[PDB]
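Okay, so here's the structure we're looking at.
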Amino acid sequence: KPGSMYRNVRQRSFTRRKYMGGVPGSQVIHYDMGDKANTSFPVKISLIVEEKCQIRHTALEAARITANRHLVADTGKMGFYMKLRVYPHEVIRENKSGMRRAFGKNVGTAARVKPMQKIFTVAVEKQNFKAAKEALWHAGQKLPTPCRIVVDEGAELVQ
Amino acid sequence: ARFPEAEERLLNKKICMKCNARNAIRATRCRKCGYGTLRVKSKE
Amino acid sequence: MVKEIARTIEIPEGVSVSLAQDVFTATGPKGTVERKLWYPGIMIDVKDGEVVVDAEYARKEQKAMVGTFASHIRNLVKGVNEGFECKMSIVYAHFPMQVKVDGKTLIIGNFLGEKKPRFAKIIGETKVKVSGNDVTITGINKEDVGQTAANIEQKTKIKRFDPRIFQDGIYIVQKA
Amino acid sequence: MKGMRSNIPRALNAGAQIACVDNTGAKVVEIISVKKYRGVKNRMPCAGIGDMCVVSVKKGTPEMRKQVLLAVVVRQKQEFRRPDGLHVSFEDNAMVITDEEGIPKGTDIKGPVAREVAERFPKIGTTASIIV
Amino acid sequence: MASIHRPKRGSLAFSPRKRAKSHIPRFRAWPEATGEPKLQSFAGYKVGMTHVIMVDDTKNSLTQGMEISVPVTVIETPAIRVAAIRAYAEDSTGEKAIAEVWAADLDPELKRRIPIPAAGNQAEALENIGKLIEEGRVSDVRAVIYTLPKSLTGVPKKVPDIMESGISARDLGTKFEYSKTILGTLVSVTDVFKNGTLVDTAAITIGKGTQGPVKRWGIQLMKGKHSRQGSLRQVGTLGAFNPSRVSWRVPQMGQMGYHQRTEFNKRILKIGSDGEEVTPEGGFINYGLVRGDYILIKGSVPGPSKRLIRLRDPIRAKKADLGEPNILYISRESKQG
Amino acid sequence: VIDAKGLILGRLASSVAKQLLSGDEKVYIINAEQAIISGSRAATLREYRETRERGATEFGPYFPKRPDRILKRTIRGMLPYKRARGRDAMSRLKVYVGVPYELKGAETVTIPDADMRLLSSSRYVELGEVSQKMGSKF
RNA sequence: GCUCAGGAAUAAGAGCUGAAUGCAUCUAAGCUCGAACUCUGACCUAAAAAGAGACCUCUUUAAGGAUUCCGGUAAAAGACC
RNA sequence: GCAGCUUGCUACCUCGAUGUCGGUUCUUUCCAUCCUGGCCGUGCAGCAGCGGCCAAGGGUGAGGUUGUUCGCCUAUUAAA
RNA sequence: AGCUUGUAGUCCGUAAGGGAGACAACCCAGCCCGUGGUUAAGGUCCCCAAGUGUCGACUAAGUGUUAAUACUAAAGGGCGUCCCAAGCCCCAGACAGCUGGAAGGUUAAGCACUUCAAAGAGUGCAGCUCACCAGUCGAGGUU
Ligand SMILES: [Mg+2]
Ligand SMILES: [Mg+2]
Ligand SMILES: [Mg+2]
Ligand SMILES: [Zn+2]
């Protein structure tokens, strides 16, 4: 089931899980990566999406896996702090016959994100800025939206 | 046998990773496909 | 600082060059060469042993065109003043090629045992001498000498074998 | 293979049963296919004199029977012409059992054999006594 | 559908297969000259077929040297008269007839074809064509020839067949001067073709009437149970649902035969002068006996007996000089037995 | 009499079409093979080889090969030639390759706005080369 | 029985000259090769090509055509020879 | 993402009928090319492969079961 | 989904004429008849009435020459080309090319230092090669 199916945002938010049945939970494991204690990272960059899209939990997990592996192989295991801001709260339901009784079963969750809303926030040192930026570039290739990187902290620290 | 100028004009070029097109040894981008990564032609 | 897109070619002594119509001709001791060099918006002027090529607009295509035209003009003046000489090597593994010049085409006999000789054209008023193990090419036109060397090296291209084992042919050791 | 000197019609086609006339033990062999014959649509694979054929033994010894072998047809009732203009024909068809290259399995061939197959497969010519 | 593939029935190279617009074949192209001046074409009449036992001389053949029996085709080829000399002016549009000069003396039998041109502008027409060649308007010179079938007893006609035969020379002045030499004369076939050389034979083939698609294109007869359901010699389908039209490439009935056809590399085997050398006992069937000078062509030729055959030197001859043949036996036994 | 040496094909065709639709003059267009067509040579030859081998043999567009007939076809496109006005306009138009014999010594007029030097690139091919690469003899 | 090519322009590609980018670079202009494809070349048809053609001959109550007649190299009727 | 060549979904056309599968016959078309032609890479020594690019001019067959399409099997074949 | 089912307005149904190539419902327009004039939408190179219109740039791909739309291909990439802005080196001489060296070291078997402007536990087919200081044309280079 490709991500083009559950991508466009034309339906309201289906998140109240006490009035639905049996949501298969997200495959996304963690939401904080790297040094979860050092708040003294001067250069901080964030990956933002520039469309209104619904990111599946599997897409978020794949993007997090590629970004975290690239950052661990670039800046060491404790030379970065990467934050996946958005939780997949929407429940995605598929009509698994014909169109009679078409309200489908829940087949997974997803996160509805607005334009310019940050997905990943990465805090790195001065020298590891390029590796973090390039890993965030690899992260957005696994997402269903055009993504552009924006610098949070230390804009003067880079150029 | 293997000759110096023969390997200069035969095995001293780069190859595109995608399209496998011959490109110059000093070129960092394929002329045909525009791919960014080129490898030297194998000689062993 | 301030760019100058215009370029200047000093015409050396003994070489008389004109720009009658859009064709550029350089006449000198080594020979004479006529060439067509017309691009829109690029003005070429010959005067007093020096030619300047300049473009009205300064966009990147105009800069590339003025550079290419200046290089062509200087190659023409060097060919008609001193000329060009190119070098190639004749190296074989097992079958000794018989290389000879029988007109305006070169002869490559017994190339890897082939009973039909390969024929390589000679471009322009180009002199090709097969002096034993190596070939020497001379001419007043750099494009003609380069294309003659290219024709000789291209017609010796083995077309199915590994080049890491089969390396026979004629190869350039020095360009124009 | 090597061109013969005489035009030979492709009389026999696939499914024909031909009296195998060598001492290989196979008596009747049915023509399954013909080597070096690409067909056309609906055309049965035809085999004239001097053609190697894939055959299955129909009658013969218990060990030769039901095998798929290579055979060369050496006689045919369908008349062919020699280069001098004369047409040559035989009283019956016949094939010998051979290999891929033309060497017969048997040691003597009873009856005549056309001289074209003798000139093409010289072992078939030498093995057979009377040549026509 | 797992498509079974068959080549197309018949050739579309010869369409539209209509009745040819003349009993005389016409040559659309002529070979370039490679030697001394000479007519590039001759015309004869096909008598029939026989066979010779000639020693094989074809190089690299399997049966070289040994005896062979080659089916030949005797052709009755008397002398022809080069009637007119016609020059052509070439331009952007194409070749155009710029001037002609007819011979002063001509055969009386020509009136059955065309009214006899007077013996008028012979020197002045020639000088006009010379001036046209000099100034540069003239590009090629061709000769008009006709057969003289009044002698032949196997061909019922006595009217000449007029046709153009290009001259084979190097320079247009050379072509003009050779045409001046041969204008209005009788040139035998030995002055055009040599013994053993290939030629091209063109002639309107045997008319077979309005023939069906099975014979005209060799389409398949209906097979098995379909052989006796009502359509046996008919094409199975004329088209698909779309496009909603019958294509021109579908096999269909129409005029079969009597088309113009060109045969390449028809060798010449003998240049004879007496018809009793080849005429069999009882003569030829439906022709008679040969009474003029003939040429023996190897193999078949388009057209039946008595048909006009146009002979030109080859336009795509692959092979080199072939030499004189060595005929051991021209089979003049009866064709009726 | 229009000398079509060094003129754009479409601009010359539009000018001649409007002149013939004015409705009085017989227009001869000599040197039709020397007309200019802008664009790269590869694209021009691709479009003209696609248009050449287009139609069916019984119905389809028998697009010409000669340069004069191609120029006549292009002027035919910009006319209401299926009407009597268009038929009269196409009868009053003659296109020649080179100079025919009856137009030697005649007076010519060339369109200023249809000139080829108004273009600002080297990307052009002549109509004669396109006709020649379509297999034409002229 | 016969049933070939050759040549031109080309696709992928391989190069030469050459700048943008002082060098290097098959490309941005330019040039040379490069296929069973395309074009020419062969072959069949083709003045009903509306730009409806060129040339020569014969002759104006003729030139010549058709029919009657004897036919077949052609032929469903016409046509054709 | 493309195709619309499998199955779906839908109900817009046709119920005063658009004769419904498969085969056969014949013609044509697309290229996303199986073979034939030209190239590039190789962990290409040659032979023979493997992968890719250009290319639709030609070829792409005969048989056993099964109504079959599909698929299997047989022996040929440049490929079937 | 040119799917199905609602809601607000306006349409077709029941809507001409003018224009989008044709277009039930898209734009102008709601329309008794005839004449004259000027405009709406949209267009003005020809087909076709009116611009081979003006100014300033862009595009080199026949891309495009397609308001709305059931009639119009994406993600990704481009040292293709045209711009804006900001770091860095920069006529106390950079960038890219051309000349002397990568010499003390170490074989910690490099490719499984006191101190000198100029030499590593090392970029490359033990000499064969870059990073790097000196000179050089003499001006922009790179991110
Ligand atoms: Mg509305
Ligand atoms: Mg209403
Ligand atoms: Mg309306
Ligand atoms: Zn590449």
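Chain labels follow the order of the structure tokens: the first chain is A, the next B, and so on; residue numbering restarts at 1 in every chain, and ligands are counted from 1 in their shown order.
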DSSP-assigned helix (DSSP H, G or I) members of chain A, reported as a VMD selection string: chain A and resid 17 to 19 57 to 75 129 to 140 155 to 158
Surrounding residues as a PDB file with N, CA and C atoms (P, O5', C5', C4', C3', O3' and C1' of nucleotides), in the first residue's frame, ligand 3, max 9 Å, only C-alpha atoms (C1' of nucleotides) and all ligand atoms:
ATOM      1  P     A I  15     -35.574  27.073 -24.084  1.00  0.00           P
ATOM      2  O5'   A I  15     -34.381  28.091 -24.316  1.00  0.00           O
ATOM      3  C5'   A I  15     -33.035  27.680 -24.125  1.00  0.00           C
ATOM      4  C4'   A I  15     -32.095  28.853 -24.136  1.00  0.00           C
ATOM      5  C3'   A I  15     -30.651  28.522 -23.777  1.00  0.00           C
ATOM      6  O3'   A I  15     -29.768  29.363 -24.520  1.00  0.00           O
ATOM      7  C1'   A I  15     -31.487  30.108 -22.260  1.00  0.00           C
ATOM      8  P     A I  16     -28.837  28.779 -25.693  1.00  0.00           P
ATOM      9  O5'   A I  16     -29.149  29.733 -26.921  1.00  0.00           O
ATOM     10  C5'   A I  16     -30.282  29.509 -27.743  1.00  0.00           C
ATOM     11  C4'   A I  16     -30.779  30.788 -28.367  1.00  0.00           C
ATOM     12  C3'   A I  16     -29.741  31.622 -29.096  1.00  0.00           C
ATOM     13  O3'   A I  16     -29.507  31.160 -30.412  1.00  0.00           O
ATOM     14  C1'   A I  16     -31.012  33.010 -27.670  1.00  0.00           C
ATOM     15  P     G I  17     -28.028  31.188 -31.021  1.00  0.00           P
ATOM     16  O5'   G I  17     -27.595  32.707 -30.862  1.00  0.00           O
ATOM     17  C5'   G I  17     -28.116  33.707 -31.721  1.00  0.00           C
ATOM     18  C4'   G I  17     -27.491  35.052 -31.455  1.00  0.00           C
ATOM     19  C3'   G I  17     -25.973  35.083 -31.408  1.00  0.00           C
ATOM     20  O3'   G I  17     -25.386  35.148 -32.690  1.00  0.00           O
ATOM     21  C1'   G I  17     -26.820  36.186 -29.522  1.00  0.00           C
ATOM     22  P     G I  18     -23.940  34.511 -32.934  1.00  0.00           P
ATOM     23  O5'   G I  18     -23.002  35.357 -31.976  1.00  0.00           O
ATOM     24  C5'   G I  18     -22.670  36.700 -32.282  1.00  0.00           C
ATOM     25  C4'   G I  18     -21.625  37.238 -31.338  1.00  0.00           C
ATOM     26  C3'   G I  18     -20.387  36.383 -31.138  1.00  0.00           C
ATOM     27  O3'   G I  18     -19.457  36.490 -32.194  1.00  0.00           O
ATOM     28  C1'   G I  18     -21.167  37.096 -29.048  1.00  0.00           C
ATOM     29  P     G I  19     -18.607  35.207 -32.634  1.00  0.00           P
ATOM     30  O5'   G I  19     -17.756  34.857 -31.337  1.00  0.00           O
ATOM     31  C5'   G I  19     -16.750  35.748 -30.889  1.00  0.00           C
ATOM     32  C4'   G I  19     -15.983  35.212 -29.707  1.00  0.00           C
ATOM     33  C3'   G I  19     -15.344  33.849 -29.860  1.00  0.00           C
ATOM     34  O3'   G I  19     -14.161  33.891 -30.634  1.00  0.00           O
ATOM     35  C1'   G I  19     -16.293  34.091 -27.696  1.00  0.00           C
TER      36        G I  19
END
Close residues to ligand 4 using only C-alpha atoms (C1' of nucleotides) and all ligand atoms, limit 9 Å, as number ranges by chain: B: 15-23, 29-38
Neighbourhood of ligand 1 at 12 Å, counting only C-alpha atoms (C1' of nucleotides) and all ligand atoms, reported as a ChimeraX atom specification: /I:9-12,25-27,68
All residues 9 Å or closer to residue 26 of chain G, only C-alpha atoms (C1' of nucleotides), same chain fewer than 3 positions away omitted, as number ranges by chain: B: 31; G: 14-16
Could you name the residues that touch segment 12-14 of chain B at 8 Å or less, counting only C-alpha atoms (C1' of nucleotides), but leaving out those on the same chain fewer than 3 positions away, as an mmCIF file with N, CA, C and O atoms, in the first residue's frame?
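To be explicit, this is the file written out as result00.cif:
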data_model
loop_
_atom_site.group_PDB
_atom_site.id
_atom_site.type_symbol
_atom_site.label_atom_id
_atom_site.label_comp_id
_atom_site.auth_asym_id
_atom_site.auth_seq_id
_atom_site.Cartn_x
_atom_site.Cartn_y
_atom_site.Cartn_z
ATOM 1 N N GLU B 7 47.280 2.165 -22.502
ATOM 2 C CA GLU B 7 46.480 2.285 -21.291
ATOM 3 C C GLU B 7 46.131 3.736 -20.995
ATOM 4 O O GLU B 7 45.133 4.005 -20.318
ATOM 5 N N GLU B 8 46.937 4.679 -21.484
ATOM 6 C CA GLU B 8 46.574 6.088 -21.368
ATOM 7 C C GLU B 8 45.317 6.402 -22.170
ATOM 8 O O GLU B 8 44.423 7.105 -21.687
ATOM 9 N N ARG B 9 45.233 5.900 -23.397
ATOM 10 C CA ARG B 9 44.104 6.205 -24.264
ATOM 11 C C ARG B 9 42.958 5.209 -24.143
ATOM 12 O O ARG B 9 41.908 5.426 -24.754
ATOM 13 N N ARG B 22 31.586 6.829 -21.079
ATOM 14 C CA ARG B 22 32.954 7.285 -20.897
ATOM 15 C C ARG B 22 32.973 8.788 -20.677
ATOM 16 O O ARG B 22 32.352 9.544 -21.427
ATOM 17 N N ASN B 23 33.685 9.217 -19.645
ATOM 18 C CA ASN B 23 33.916 10.624 -19.376
ATOM 19 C C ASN B 23 35.402 10.824 -19.134
ATOM 20 O O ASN B 23 36.151 9.866 -18.938
ATOM 21 N N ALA B 24 35.832 12.080 -19.162
ATOM 22 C CA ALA B 24 37.245 12.372 -19.002
ATOM 23 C C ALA B 24 37.696 12.097 -17.574
ATOM 24 O O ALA B 24 36.906 12.101 -16.628
ATOM 25 N N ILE B 25 39.001 11.860 -17.429
ATOM 26 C CA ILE B 25 39.561 11.500 -16.134
ATOM 27 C C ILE B 25 39.524 12.664 -15.150
ATOM 28 O O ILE B 25 39.536 12.443 -13.933
ATOM 29 N N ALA B 27 36.992 14.918 -15.073
ATOM 30 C CA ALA B 27 35.626 15.418 -15.016
ATOM 31 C C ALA B 27 34.898 14.837 -13.812
ATOM 32 O O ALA B 27 34.921 13.623 -13.591
ATOM 33 N N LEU B 38 31.425 9.406 -10.596
ATOM 34 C CA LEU B 38 32.099 8.659 -11.643
ATOM 35 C C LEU B 38 33.183 7.790 -11.027
ATOM 36 O O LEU B 38 33.802 8.159 -10.026
ATOM 37 N N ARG B 39 33.414 6.635 -11.635
ATOM 38 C CA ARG B 39 34.455 5.721 -11.201
ATOM 39 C C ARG B 39 35.484 5.558 -12.309
ATOM 40 O O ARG B 39 35.170 5.696 -13.494
ATOM 41 N N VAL B 40 36.725 5.281 -11.915
ATOM 42 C CA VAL B 40 37.767 5.029 -12.898
ATOM 43 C C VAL B 40 37.478 3.706 -13.596
ATOM 44 O O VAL B 40 36.875 2.792 -13.021
ATOM 45 N N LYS B 41 37.886 3.610 -14.856
ATOM 46 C CA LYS B 41 37.719 2.368 -15.594
ATOM 47 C C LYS B 41 38.602 1.279 -15.002
ATOM 48 O O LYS B 41 39.769 1.512 -14.676
#
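Each of I:40, I:75, I:70, I:111 was compared to chain A using only C-alpha atoms (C1' of nucleotides), and I:75 turns out to be the nearest.
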Which of segment 13-143 of chain C DSSP labels strand (DSSP E or B), written as a count of residues only: 56
With a distance threshold of 7 Å and counting only C-alpha atoms (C1' of nucleotides), extract the residues of chain D near chain H and express them as a PDB file with N, CA and C atoms, in the first residue's frame.
ATOM      1  N   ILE D  32      10.935 -37.059 -36.493  1.00  0.00           N
ATOM      2  CA  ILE D  32      10.385 -36.091 -35.548  1.00  0.00           C
ATOM      3  C   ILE D  32      10.662 -34.666 -35.996  1.00  0.00           C
ATOM      4  N   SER D  33      11.920 -34.366 -36.307  1.00  0.00           N
ATOM      5  CA  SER D  33      12.319 -33.032 -36.722  1.00  0.00           C
ATOM      6  C   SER D  33      13.545 -33.152 -37.610  1.00  0.00           C
ATOM      7  N   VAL D  34      13.968 -32.019 -38.160  1.00  0.00           N
ATOM      8  CA  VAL D  34      15.081 -31.972 -39.097  1.00  0.00           C
ATOM      9  C   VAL D  34      16.065 -30.910 -38.636  1.00  0.00           C
ATOM     10  N   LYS D  35      17.328 -31.300 -38.504  1.00  0.00           N
ATOM     11  CA  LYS D  35      18.379 -30.356 -38.164  1.00  0.00           C
ATOM     12  C   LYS D  35      18.557 -29.346 -39.288  1.00  0.00           C
ATOM     13  N   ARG D  38      14.743 -24.286 -40.257  1.00  0.00           N
ATOM     14  CA  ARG D  38      13.728 -23.399 -39.711  1.00  0.00           C
ATOM     15  C   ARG D  38      12.523 -23.430 -40.636  1.00  0.00           C
ATOM     16  N   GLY D  39      11.340 -23.614 -40.070  1.00  0.00           N
ATOM     17  CA  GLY D  39      10.137 -23.757 -40.858  1.00  0.00           C
ATOM     18  C   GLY D  39       9.486 -22.430 -41.183  1.00  0.00           C
ATOM     19  N   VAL D  40       8.274 -22.528 -41.719  1.00  0.00           N
ATOM     20  CA  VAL D  40       7.357 -21.411 -41.853  1.00  0.00           C
ATOM     21  C   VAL D  40       6.047 -21.889 -41.236  1.00  0.00           C
ATOM     22  N   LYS D  41       5.065 -20.993 -41.153  1.00  0.00           N
ATOM     23  CA  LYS D  41       3.802 -21.315 -40.502  1.00  0.00           C
ATOM     24  C   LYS D  41       3.049 -22.398 -41.260  1.00  0.00           C
ATOM     25  N   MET D  44       5.052 -28.564 -42.394  1.00  0.00           N
ATOM     26  CA  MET D  44       5.694 -29.656 -41.694  1.00  0.00           C
ATOM     27  C   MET D  44       7.184 -29.674 -42.017  1.00  0.00           C
ATOM     28  N   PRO D  45       8.016 -30.077 -41.066  1.00  0.00           N
ATOM     29  CA  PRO D  45       9.448 -30.210 -41.345  1.00  0.00           C
ATOM     30  C   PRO D  45       9.744 -31.290 -42.371  1.00  0.00           C
TER      31      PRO D  45
END
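If you take only C-alpha atoms (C1' of nucleotides) and a cut-off of 7 Å, the residues of chain E that reach chain G are residues 13, 14, 15, 16, 96, 97, 98, 99, 100, 115, 117, 207, 209, 263, 264, 265, 299, 300, 304, 305, 306, 307, 316 and 318 of chain E.
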Residues within 8 Å of residue 273 of chain E, only C-alpha atoms (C1' of nucleotides), excluding chain neighbours under 3 positions, as a ChimeraX atom specification: /E:292-294
Export of the given selection (C-alpha atoms) as a PDB file, in the first residue's frame:
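Result saved to selection.pdb:
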ATOM      1  CA  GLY E 292      17.157 -14.957 -88.375  1.00  0.00           C
ATOM      2  CA  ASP E 293      20.115 -14.566 -86.038  1.00  0.00           C
ATOM      3  CA  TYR E 294      19.482 -15.444 -82.401  1.00  0.00           C
TER       4      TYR E 294
END
